[PDB]
There are 4 protein chains.
Amino acid sequence: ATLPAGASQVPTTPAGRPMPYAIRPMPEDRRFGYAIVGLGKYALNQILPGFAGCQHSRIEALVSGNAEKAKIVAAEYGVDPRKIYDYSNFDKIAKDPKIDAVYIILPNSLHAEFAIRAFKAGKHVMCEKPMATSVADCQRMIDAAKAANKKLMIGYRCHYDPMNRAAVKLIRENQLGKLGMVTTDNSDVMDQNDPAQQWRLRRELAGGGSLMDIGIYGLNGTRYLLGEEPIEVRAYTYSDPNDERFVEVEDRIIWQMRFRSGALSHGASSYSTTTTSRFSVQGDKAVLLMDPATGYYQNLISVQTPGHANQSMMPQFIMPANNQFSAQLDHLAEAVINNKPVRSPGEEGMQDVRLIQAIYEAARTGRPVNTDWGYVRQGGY
Amino acid sequence: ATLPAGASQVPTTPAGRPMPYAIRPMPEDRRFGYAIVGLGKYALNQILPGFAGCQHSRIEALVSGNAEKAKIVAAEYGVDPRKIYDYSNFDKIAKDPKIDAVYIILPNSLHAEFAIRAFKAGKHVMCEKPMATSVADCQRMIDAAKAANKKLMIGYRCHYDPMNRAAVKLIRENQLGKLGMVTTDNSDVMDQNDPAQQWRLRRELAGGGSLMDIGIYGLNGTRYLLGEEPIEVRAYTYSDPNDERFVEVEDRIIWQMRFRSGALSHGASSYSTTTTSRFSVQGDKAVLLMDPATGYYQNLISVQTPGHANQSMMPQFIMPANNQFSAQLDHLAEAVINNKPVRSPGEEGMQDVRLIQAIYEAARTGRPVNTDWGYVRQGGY
Amino acid sequence: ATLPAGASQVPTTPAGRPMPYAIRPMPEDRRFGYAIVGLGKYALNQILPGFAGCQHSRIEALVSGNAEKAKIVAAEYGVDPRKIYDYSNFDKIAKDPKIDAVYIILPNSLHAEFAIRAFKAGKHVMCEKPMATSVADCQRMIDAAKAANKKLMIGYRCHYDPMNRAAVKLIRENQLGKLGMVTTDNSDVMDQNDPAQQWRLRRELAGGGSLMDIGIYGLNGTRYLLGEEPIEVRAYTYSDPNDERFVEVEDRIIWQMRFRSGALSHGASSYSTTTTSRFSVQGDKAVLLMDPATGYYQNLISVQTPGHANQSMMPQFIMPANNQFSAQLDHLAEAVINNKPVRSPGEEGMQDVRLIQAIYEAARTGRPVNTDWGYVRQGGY
Amino acid sequence: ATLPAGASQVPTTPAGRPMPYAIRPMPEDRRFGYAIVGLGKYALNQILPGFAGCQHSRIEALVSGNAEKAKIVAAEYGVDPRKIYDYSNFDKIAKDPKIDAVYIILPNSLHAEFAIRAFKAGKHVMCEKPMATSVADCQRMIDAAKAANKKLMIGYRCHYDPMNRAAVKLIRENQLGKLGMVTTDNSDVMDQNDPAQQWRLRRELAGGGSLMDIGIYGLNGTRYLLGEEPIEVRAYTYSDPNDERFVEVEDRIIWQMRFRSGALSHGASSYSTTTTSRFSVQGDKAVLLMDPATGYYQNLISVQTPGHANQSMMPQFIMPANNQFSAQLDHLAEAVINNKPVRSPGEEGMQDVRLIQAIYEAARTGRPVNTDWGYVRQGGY
Ligand SMILES: NC(=O)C1=CN([C@@H]2O[C@H](COP(=O)(O)OP(=O)(O)OC[C@H]3O[C@@H](n4cnc5c(N)ncnc54)[C@H](OP(=O)(O)O)[C@@H]3O)[C@@H](O)[C@H]2O)C=CC1
Ligand SMILES: NC(=O)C1=CN([C@@H]2O[C@H](COP(=O)(O)OP(=O)(O)OC[C@H]3O[C@@H](n4cnc5c(N)ncnc54)[C@H](OP(=O)(O)O)[C@@H]3O)[C@@H](O)[C@H]2O)C=CC1
Ligand SMILES: NC(=O)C1=CN([C@@H]2O[C@H](COP(=O)(O)OP(=O)(O)OC[C@H]3O[C@@H](n4cnc5c(N)ncnc54)[C@H](OP(=O)(O)O)[C@@H]3O)[C@@H](O)[C@H]2O)C=CC1
Ligand SMILES: NC(=O)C1=CN([C@@H]2O[C@H](COP(=O)(O)OP(=O)(O)OC[C@H]3O[C@@H](n4cnc5c(N)ncnc54)[C@H](OP(=O)(O)O)[C@@H]3O)[C@@H](O)[C@H]2O)C=CC1
């Protein structure tokens with residue numbers, strides 16, 4: 001019969017209006033300053049551009065060995081040219097109060113070194129996965145972390161991905177019933193021509209093949225989906241002996257595991273087949289299928305029962321949660337500010353590494369490896 | 001047998017490396033400076049945050065009537081507080097050489113006014129849709145544009161959306177064969193409680209109901225999907241007489257059209273049903289289904305034939321094209337820099353408006369309205 | 001831990017076992033005897049082969065005008081060669097008690113007449129859609145049903161299709177909220193060289209084009225999905241004047257309808273675009289998409305909301321309900337054997353015909369056509 | 001513009017018409033006569049009701065150990081009550097020429113014996129999977145086939161399922177590129193109260209658990225999809241020791257296989273998780289996902305690449321190929337009536353059994369089991 005107050009009170013002339021409804025994460029502040037170490041493929045394609053959607057994180061400095069490149073990136077992101085560090089004067093960041101943390105995005109064999117040096121420089125540390133190329137090196141990073149009394153977070157973006165958390169949540173609500181079989185596959189074609197992949201073929205730098213690089217998603221995903229650690233693993237690996245790509249690191253590798261709850265799992269990673277990111281979780285009441293499972297974008301999950309397939313994915317007009325990249329960056333920022341622990345701590349990064357070494361060991365011996373060493377997930381999966 | 005050169009040459013020590021492969025649009029420069037007019041729902045939720053992924057555009061100034069708010073946004077996006085203009089001193093932007101264009105994101109009834117004023121201020125103009133609330137006002141904007149010798153672009157984000165362009169491309173390659181029936185639906189529940197929706201219920205400000213606000217997507221989409229203009233339209237509209245939301249503007253409205261090629265179409269817009277963005281294009285060889293069709297995210301298209309459904313959507317790890325928002329902003333920027341016309345010019349915005357007036361007219365009279373007035377799409381759909 | 005009684009109680013030797021569990025419709029008897037009139041495309045492609053799955057129906061006799069054909073068919077389905085009638089002695093069926101009802105699968109113009117004739121033969125009538133090419137003929141068929149005091153059921157299989165039934169159930173359960181917009185489309189490329197399609201091009205035999213043949217699905221559907229009749233309708237039709245196929249019947253026609261509840265709808269049918277059968281029901285809580293909406297097999301429905309897509313389809317190992325065809329058949333059988341009214345009475349087929357003539361009028365006159373004539377769905381949609 | 005000759009040449013009166021077009025498999029004859037042994041769950045839920053769709057097959061007689069049951073069934077399918085055999089006089093079938101072959105649908109332990117007996121009865125043998133619970137028994141059944149000089153075909157329906165056939169065709173067409181990883185999963189919650197499931201819990205009648213019953217699909221599938229046999233295999237099995245269901249047979253077992261081409265695979269089967277039938281074939285050009293992969297109905301395949309999902313399924317109005325069941329039946333009929341070898345010879349069912357025993361060994365011993373024994377798929381996968 002008549003227009004409601006609100007509409008009726010809108011000026012017909014240009015007038016100031018209120019703060020709008022927010023349908024997506026709005027920026028807030030830029031108090032937590034990062035220093036990015038290693039201007040590479042994942043840094044320039046996903047992380048740097050991922051800062052824009054942060055509500056607390058910003059880029060303060062760059063650390064690269066390619067002067068020409070740092071220069072370009074610096075200008076591309078408004079970073080002060082004076083904040084460009086090379087791998088030598090890296091430790092000087094300790095004199096810059098505006099640098100709260102570093103984000104190590106270097107090849108695997110170098111993580112430990114810069115994590116420690118960063119800590120000695122009195123800075124917090126975000127380090128990419130795989131954590132390091134040895135269990136011992138993982139522990140040394142943890143040690144150094146405790147010594148500097150600083151946080152240590154591993155770059156597990158899936159622990160901050162809406163769809164993944166959505167998946168973890170439905171499992172915890174028992175929509176799948178008792179869990180019994182988890183399947184995983186993570187693959188992408190290895191191109192030795194790509195600069196980023198060249199060190200991944202070097203065992204000394206990569207620390208391993210497809211399992212260290214992408215298999216780790218199925219392994220880690222298997223763990224937070226089930227909400228527990230495996231007690232024993234078995235594995236077999238094969239690589240074409242004529243393929244120049246796999247002279248030092250493994251191409252394809254399969255590994256099955258048993259958990260203390262009785263569930264089993266069988267996953268695989270591959271460097272010779274096209275894009276695959278698919279997780280399957282069989283319960284006795286329903287089956288969860290994630291595909292895409294660990295993508296940078298477009299994740300899709302579906303719960304299946306005879307005659308049904310209830311799918312879930314990000315919405316078309318609203319963005320209920322922040323994207324994994326921005327969420328991850330803000331996560332360490334928030335943990336520092338609120339004096340709280342991170343959900344993806346060094347211990348978590350180390351658990352995957354020990355786990356992988358066990359899988360490689362079971363692959364080499366052809367025998368099962370007991371992994372019932374009592375790792376406990378602080379905070380929950 | 002052995003590792004390829006590239007891998008073999010990677011230092012085992014921290015060393016500068018090359019520029020990485022780019023799997024997504026990388027930033028480049030920030031030469032084109034915008035001045036945003038109207039810090040509202042669409043501005044703070046989609047546009048402002050959409051600048052980050054631009055390769056040439058940046059935010060130079062803000063124009064708002066809410067001092068407190070502009071202040072906050074300014075700080076949120078690094079805009080110099082001195083570049084905050086209110087609706088009164090708006091014309092002063094003419095003294096700032098660093099402001100190449102304005103982006104009008106005000107309610108419909110105010111577009112014309114600020115587009116013109118912007119032009120008199122010697123600035124280029126990006127104006128949201130619907131263009132204006134009258135055909136005449138559309139023409140006045142065009143006139144003013146020609147007078148200042150500046151570009152006039154209407155905010156048709158779908159004209160820069162990967163999946164939509166992908167859809168336009170498959171139709172042009174005749175994968176659907178001869179086109180005969182196009183169906184569209186665009187709806188979302190109107191909430192008078194939301195500040196952004198309050199002026200949309202006012203005819204004087206909105207210029208109309210669901211057709212002016214969201215029906216325009218089906219209308220415009222119908223046009224670039226077919227690649228031609230309609231020669232006649234028919235329409236009927238209904239709104240619950242007791243619903244306070246629709247006292248001045250229409251809730252639901254249906255309109256069917258005929259094109260010079262023989263194709264027909266039947267679409268609708270709605271303010272009382274939940275989220276719907278679905279386009280259907282029937283050819284005699286195949287059928288295209290877009291759903292989501294015009295979302296901010298997650299668009300999905302599928303070509304269907306008996307026993308088949310070939311779907312397309314953005315990839316999980318690579319981003320072949322830039323997102324509509326960033327693409328749109330950079331589009332006007334590029335057109336200025338390269339002295340080229342925009343794909344979404346004022347004439348295009350005016351064509352939709354005339355078209356809508358015709359539909360409203362056919363709804364009021366209950367008679368068909370001839371729209372065979374020879375509008376020609378400069379550049380292609 | 002020891003095996004259950006039942007397991008350990010099984011003979012490791014050839015022994016008899018109980019009646020296995022039924023995971024799909026089980027055959028029972030063949031009490032009902034059908035006489036199928038007109039051995040055409042539908043009759044031989046879907047209907048006859050659909051008796052096999054019936055639970056209370058059998059093919060007792062045939063009625064063909066091509067004896068040679070009827071002999072070959074009679075063989076394939078093992079019907080008594082002595083029971084092969086013709087359109088002349090069709091009435092003699094009244095002498096066989098083994099023939100309880102007849103199934104008229106003849107052109108729309110020959111529907112009414114063979115229904116009335118069959119009613120005097122004291123038999124039950126299963127008549128294909130559309131009921132007839134005249135509202136009056138529809139009425140006479142009814143009158144001839146009351147007189148002979150037999151059952152009159154129209155071939156609306158969608159009224160017996162699991163998924164279509166699932167669609168109505170969720171809507172009735174208010175899963176979509178307040179219904180406000182329905183969109184339907186039905187299409188398939190008209191092949192004049194097809195013997196079956198040749199009488200559809202003739203308006204005297206078909207009684208209409210596109211709408212009378214497949215648009216009726218959208219029209220009927222909209223009605224049981226919404227669960228209410230239109231009170232007003234508008235429509236437009238167009239056909240290429242140079243296409244020899246639509247010299248007498250409409251190729252494409254679009255119709256808009258308004259309902260008492262306030263809900264609106266817009267649907268269409270086409271003879272010149274490839275396979276399309278899609279229903280869309282928009283509520284304020286969720287949107288339902290049936291696609292395929294009305295196929296012989298493979299129907300699919302989905303309930304959409306931002307971020308979710310809950311799809312339903314026939315299971316992959318079980319079969320909770322029988323196929324629409326066998327279900328339509330036995331439905332008449334059970335209707336009589338229980339003195340229960342049929343879900344698709346002749347009064348239901350009549351409403352569609354009145355509504356279609358009303359639409360053709362709206363299209364022909366170009367004005368609204370009040371269809372508020374107090375029809376009532378006896379038994380519910 | 002005038003209607004085509006055919007259209008205007010149709011009588012507006014009851015007249016005969018030609019044979020309609022066939023949009024689905026048409027019945028022809030019933031030359032072949034089957035004798036179905038063991039009236040169980042599969043026999044009555046899928047097989048018998050699948051003869052209706054056959055083109056060259058008929059149910060000539062039954063073989064039951066529960067006369068009462070066999071009388072009721074014989075009725076439903078109209079079989080001659082005088083042709084209801086028993087496991088004692090089963091051999092007398094050799095006296096009826098109307099019985100060309102028998103279909104053994106008995107527990108795995110009673111497969112071989114009734115096959116050899118039937119061969120002496122000079123009849124063709126259709127034997128369900130697994131062939132037998134012993135490689136030797138498999139061999140004897142074969143020998144008894146050569147002797148009697150009759151056909152020996154195993155019930156591999158997937159070898160006759162449209163979609164499964166579509167899967168092989170696209171792979172053979174190199175749409176996925178170089179095959180490198182296959183992932184299979186088959187599962188369904190074991191119900192001990194089900195008469196049919198009670199002999200599966202008994203390892204003497206079943207000859208194995210999870211793998212022998214459904215894992216065989218993954219195993220078989222992997223083989224025809226890849227189109228080559230494994231040369232080596234590894235596996236692990238685990239079952240809850242407190243579950244009375246898996247006291248004698250395995251609940252969940254996982255197996256990894258390597259192929260000559262270099263391709264690898266990892267698949268699993270489960271008795272304690274709900275419905276799962278998913279195949280995954282990874283190549284370097286695309287990935288194929290079958291899901292449902294091997295159902296009775298509703299199979300679905302998709303070919304994936306970044307940004308694309310090309311799905312295939314049975315059309316919604318047509319039926320290009322007959323259902324796996326009727327197709328499996330007639331396939332034996334046609335095999336004889338043309339002196340052509342069957343696609344699923346006994347030599348094919350034997351390979352699966354040798355491979356399964358090899359797997360059980362690998363799981364039991366925990367070591368690799370060379371399966372490189374020169375088998376060859378006579379006739380192709
Ligand atoms: N979580 C995720 O989704 C992903 C995580 N990652 C992780 O990020 C880290 C970096 O990998 P990515 O960006 O893909 O690879 P890149 O090869 O592209 O970059 C590695 C960067 O580290 C620096 N660097 C220093 N010494 C060396 C060296 N000797 N060899 C190679 N690089 C060196 C270089 O920086 P500069 O040139 O500027 O001196 C280089 O740009 C890895 O640990 C990887 O596991 C990678 C992809 C995805
Ligand atoms: N292309 C797309 O996808 C979309 C386009 N739009 C378009 O953007 C434009 C803005 O709409 P939207 O952001 O949703 O709406 P809002 O109501 O949220 O904002 C309108 C803005 O304009 C200014 N304004 C000045 N005078 C008035 C007035 N009298 N009444 C209301 N606002 C006034 C205000 O800015 P300040 O307070 O700072 O002074 C206000 O924030 C519209 O023309 C709309 O069609 C909207 C959504 C999507
Ligand atoms: N509900 C559904 O899904 C469907 C319903 N139908 C309906 O079934 C009915 C039959 O159509 P359909 O089977 O497709 O078409 P056909 O042309 O293939 O068959 C028509 C049948 O009617 C008989 N007939 C008698 N006189 C004529 C005549 N003058 N011209 C043509 N046929 C004649 C013929 O029998 P004989 O040759 O033996 O002499 C012929 O078999 C229609 O009412 C149609 O709407 C059709 C498809 C689907
Ligand atoms: N390929 C496929 O998709 C499928 C294949 N199968 C196969 O079919 C075969 C039969 O299994 P299924 O029908 O599911 O099982 P059931 O338990 O339901 O039936 C077994 C049948 O064998 C006869 N039988 C004779 N001796 C015994 C005995 N000692 N214990 C149990 N039954 C006996 C019975 O006949 P009667 O009662 O009349 O005396 C009974 O009907 C198996 O080889 C199975 O693997 C099963 C499902 C699917």
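What you see below is based on every heavy atom in this structure, not just the backbone, and it leaves out hydrogens, waters and symmetry mates. Protein chains get the first letters and strands the later ones, always in sequence-line order, with residue 1 at the start of each.
Applying the side-chain contact (heavy atoms from CB on, under 4.5 Å) rule to B/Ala22 yields the partners A/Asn45, B/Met26; only residues at least two apart in sequence or on another chain are considered. Partners of A/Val79 under the side-chain contact (heavy atoms from CB on, under 4.5 Å) rule, at least two apart in sequence or in another chain, are A/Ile59, A/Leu62, A/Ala74, A/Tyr77, A/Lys83.
Formation of a donor-acceptor pair under 3.5 Å by the B/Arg202 side chain with backbone atoms of A/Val10 is found in this model.
In terms of non-hydrogen atom pairs under 4.5 Å with chain B, the most contact-rich of A/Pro20, A/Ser109, A/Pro107, A/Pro49 is A/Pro20. Of the listed residues (B/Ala196, B/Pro292, B/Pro18), the one with the most heavy-atom contacts under 4.5 Å to chain A is B/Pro18. Between chain A and the residues B/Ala7, B/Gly16, B/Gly40, B/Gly65, the largest count of heavy-atom pairs under 4.5 Å involves B/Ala7. The candidate from A/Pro195, A/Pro241, A/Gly38, A/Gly53 with the greatest count of non-hydrogen atom pairs under 4.5 Å with chain B is A/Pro195. In terms of non-hydrogen atom pairs under 4.5 Å with chain A, the most contact-rich of B/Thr13, B/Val247, B/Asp194 is B/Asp194. The greatest number of non-hydrogen atom pairs below 4.5 Å with chain A, out of B/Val73, B/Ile72, B/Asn193, B/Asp243, is found for B/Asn193. Per-residue counts of heavy-atom pairs under 4.5 Å with chain B were compared for A/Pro4, A/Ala52, A/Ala5; the largest is that of A/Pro4.
Looking at B/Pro25, neither its backbone nor its side chain comes within 4.5 Å of chain A, counting heavy atoms on both sides. For B/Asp188, the part lying under 4.5 angstrom from a heavy atom of chain A is the side chain only. Looking at B/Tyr87, the atoms closer than 4.5 Å to chain A (heavy atoms on both sides) all sit in the side chain, from C-beta outward. With a 4.5 angstrom heavy-atom cutoff, B/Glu28 touches chain A only via backbone atoms. Looking at B/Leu106, there are no atoms closer than 4.5 Å to chain A (heavy atoms on both sides), in backbone or side chain. Interface remark: A/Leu205 contributes side-chain atoms only to the contact with chain B (heavy atom separation under 4.5 Å). If you measure heavy-atom distances from B/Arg245 to chain A, the contacts under 4.5 Å come from the backbone alone. Only the backbone of B/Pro315 comes within contact range of chain A, with at least one heavy atom under 4.5 Å from a heavy atom of that chain. Neither the backbone nor the side chain of B/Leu48 has a heavy atom closer than 4.5 Å to any heavy atom of chain A.
Taking both residues in full, the closest heavy atoms of A/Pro27 and B/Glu76 are given as O-OE2, 3.5 Å, listed atom of the first, atom of the second, then distance. Minimum heavy-atom separation, B/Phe317 to A/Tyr296: O-CD1, 3.4 Å. B/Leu201 and A/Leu3 make their closest contact through O-CD2, 4.1 Å (heavy atoms, listed as atom of the first residue, atom of the second, distance).
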Derivation of the side-chain contact (heavy atoms from CB on, under 4.5 Å) call for A/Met314 and B/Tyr297: CA-CA 8 Å; A/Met314 294 300 295; B/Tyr297 325 105; over 6 Å; no
side-chain contact (heavy atoms from CB on, under 4.5 Å) assessment of A/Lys41 paired with B/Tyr21: CA-CA 6 Å; A/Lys41 200 182 184 185; B/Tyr21 269 21; 3.9 Å; yes
Worked check of side-chain contact (heavy atoms from CB on, under 4.5 Å) between B/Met19 and A/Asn66: CA-CA 9 Å; B/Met19 290 280 267; A/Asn66 191 326; 5.7 Å; no
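Once rounded to the nearest 0.5 Å, the distance linking CE of B/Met313 with CG of A/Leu300 reads 8.0 Å. Once rounded to the nearest 0.5 Å, the distance linking CD1 of A/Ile318 with OG1 of B/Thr275 reads 7.5 Å. One distance of note links OG of B/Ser8 with CD of A/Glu244; it measures 11.0 Å at 0.5 Å rounding. Atom-to-atom distance recorded for A/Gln298:CD and B/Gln298:CD is 4.0 Å, nearest 0.5 angstrom. Taking CZ of B/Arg17 as the start and OG of A/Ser64 as the end, the distance is 12.0 Å to the nearest 0.5 Å. Rounded to the nearest 0.5 angstrom, B/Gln198 CD and A/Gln9 CD are separated by 8.5 Å.
In this structure, B/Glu204 places its CD atom where only 12 or fewer heavy-atom neighbours from other residues, nucleotides or ligands lie under 6.0 Å away.
Proximity of B/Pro14 to A/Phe114: side-chain heavy atoms (C-beta onward) are separated by under 4.5 Å at one or more points.
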